[PDB]
């Protein structure tokens, strides 16, 4: 089914996981290569790969208000991130947006 705005998206690319954050209307915000923060269609980001909503830490952490998640995510679009791209970094990025820093 369709993700809700603010949902973390776990993308099962062959031999590595990619993370994105759903921001609504078919769009995810995520770290990609030219690292740049991008707003793209989930359809394009997923591609032919399997993916799932994984609001992993909702059991133990409060997600931020969803309006804050989307606002913040979309604020960063266009910005380079000084750290490189691994699943852990992409995951920490989408986690920072959903839950805050901590």
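Positions refer to the first chain, counted from 1.
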Does the entry skip any residues of the deposited sequence between residue 34 and residue 35, and if so, is it 1 to 3, 4 to 9, or 10 or more, or none at all? 10 or more
Avg C-alpha B-factor, entry values, 16 to 24 vs 78 to 86, higher side is 78 to 86
Quick check on the record: does 4 to 12 or 91 to 99 carry the larger mean Cα temperature factor? 91 to 99
How does residue 54 rank on Cα B-factor within its chain, lowest, middle or highest third? lowest
Sort the modelled residues of this chain by their C-alpha B factor and say whether residue 60 lands in the lowest, middle or highest third. highest
